[PDB]
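All of this is worked out from the model, or read from it or from the source named; no laboratory read-out is quoted. In this analysis, Cβ positions are derived from the backbone assuming ideal geometry, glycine residues included, and neighbour counts consider all displayed protein chains.
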Amino acid sequence: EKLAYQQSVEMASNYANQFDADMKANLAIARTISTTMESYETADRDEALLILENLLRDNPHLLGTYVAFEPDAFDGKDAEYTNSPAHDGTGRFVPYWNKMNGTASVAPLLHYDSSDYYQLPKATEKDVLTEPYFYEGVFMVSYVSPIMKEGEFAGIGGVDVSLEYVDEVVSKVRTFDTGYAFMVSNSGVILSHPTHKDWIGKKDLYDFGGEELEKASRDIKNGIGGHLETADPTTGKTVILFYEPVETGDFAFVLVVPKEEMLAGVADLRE
Ligand SMILES: [K+]
């Protein structure tokens, strides 16, 4: 027993759930930014900006806040704002308020005609917690929510988090003697890691090499929690991965437990 397994699951789950609180709340902020923009008649760009700016300022964990509208969708005055502060050649209302370099500036969004953070919500007309991407230097993840104006898609409202935040938080976690933990996106990209920050956002469970690892990639794409045995990459010692879904977005929290250390666990139960 084997109630060893039972107990790692239970913890894996606990964590996954703590990180759900965090991610549920972020999305709530986006859903609220957008339900609001749906209800916004005035359509004063500065007032918007204020809202954005102030939600960033008041939510320190947030990489940035933003709104982005379809051509003229915001206030019909797109050709007016062309090239003014916080816009681009288009004059579309696409203001991104962000801490991207300690400094809390605002700037226009980039590639909103091609990036998930916009296109997925436009295609699905539903909320999204995007896969991690490398946007203009930083690896972040966006919680975006479509602004539906009377059954018609007017654009998005969102907020960002950096992986660098995530990893800071996750690599804290320890278990047993050598055991740790990492998050992973819904397609199994690596979101955090205690000793190889070079993997973050660059490798997904398919690169970790093995074929059982491809199995668990499917469980996590479906938000199913399970476990495997596998050799650590940097050393051949068998470890057990316990992944458990993070409900919003269906990411996965993976707990790494050294196969040994569990035999050591069970031993310490003989008297
Ligand atoms: K582009």
Count, please, the residues in segment 56-69 that happen to be crowded, with 19+ Cβ neighbours inside 10 Å and outside any strand (DSSP E or B). 3
Could you count how many residues in segment 223-251 are part of a strand (DSSP E or B) and acidic (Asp, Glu)? 2
Taking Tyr180 as meeting all but one of (1) more than 16 Å from the ligand (Cβ to nearest atom); (2) closer than 25 Å to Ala216 by Cβ; (3) surrounded by fewer than 16 Cβ atoms within 10 Å (Cβ to Cβ), write down the number of the exception. (3)
Residue in segment 114-143 that is nearest to the ligand (Cβ to nearest atom), counting only those that are under 17 Å from the mean Cα position of the chain (by Cα) and among the hydroxyl-bearing types (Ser, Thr, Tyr): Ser115
Within segment 114-137, does at least one residue satisfy the condition of being assigned to a strand (DSSP E or B) and within 17 Å of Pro60 (Cβ to Cβ)? no
Output for Cβ contacts, cut-off 7 Å, separation at least six or different chains, first residue touching a residue at least 24 places away in the same chain (Cβ under 8 Å) in segment 91-112, second within 16 Å of the ligand (Cβ to nearest atom) and among the β-branched types (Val, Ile, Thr), reads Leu109/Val94; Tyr112/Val94
Could you figure out which of (1) outside the structural domain of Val184 (by CATH); (2) closer than 24 Å to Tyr133 by Cβ isn't true of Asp44? (2)
Looking only at segment 39-55, how many residues end up being closer than 15 Å to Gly158 by Cβ and either of a type in the set (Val, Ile, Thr) or loosely packed, with under 14 Cβ neighbours inside 10 Å (or both)? 1
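Does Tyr15 fit the bill of being in contact (Cβ under 8 Å) with a residue 12 or more places away in the chain, under 30 Å from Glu247 (Cβ atoms), under 24 Å from the mean Cα position of the chain (by Cα) and assigned by CATH to the domain that holds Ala181?
yes
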Do we have any residue at all in segment 93-113 that's within 16 Å of the ligand (Cβ to nearest atom), of a type in the set (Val, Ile, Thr) and crowded, with 18+ Cβ neighbours inside 10 Å? yes
